[PDB]
Amino acid sequence: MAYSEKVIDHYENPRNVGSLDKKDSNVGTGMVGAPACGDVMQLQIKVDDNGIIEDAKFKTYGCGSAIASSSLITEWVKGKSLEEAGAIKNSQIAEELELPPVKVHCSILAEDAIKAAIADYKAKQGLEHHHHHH
């Protein structure tokens, strides 16, 4: 079952190289929004440089402004690790930006987003599937 001291499942993926596909365990996806008004935010982080984050894309089309922060949060994890992304809080950016309590909808979609990417990043390897007639 493993005459070696390595249990790793594989260096990359059993699909003969690939990376980038919205359908991999090395890519966390997160799509949230604010149904309390009508704002949609999408954030996706990439992890491969050794469990580290090398690239961090995103997409927020609906709030003409929630983009700025999108560039700050995405540029804050770009290089960090999931262990760090799963710890930052919305108060962190809320303070670095200094904005009134009448727009927290952003800082919220920021941290809440990273939470979705981490949830879908760890769920891509839980119960998986069991049946799938071809």
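Here, residue 1 is simply the first one shown, and the rest follow in order.
Cβ atoms are placed via backbone N, Cα and C, with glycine included.
As recorded in Swiss-Prot, the features of this protein are as follows:
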BINDING   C37, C63, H105, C106  Zn(2+) binding site
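The PDB entry annotations:
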SEQADV    127-134  insertion
Quiz item: Which residue, out of the binding-site residues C37, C63, shows the minimum number of other Cβ atoms inside 10 Å of its Cβ in this structure?
Solution: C37
Quiz item: Between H105, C106, which of the binding-site residues has the fewest other CB atoms within 10 angstroms in the structure shown?
Solution: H105
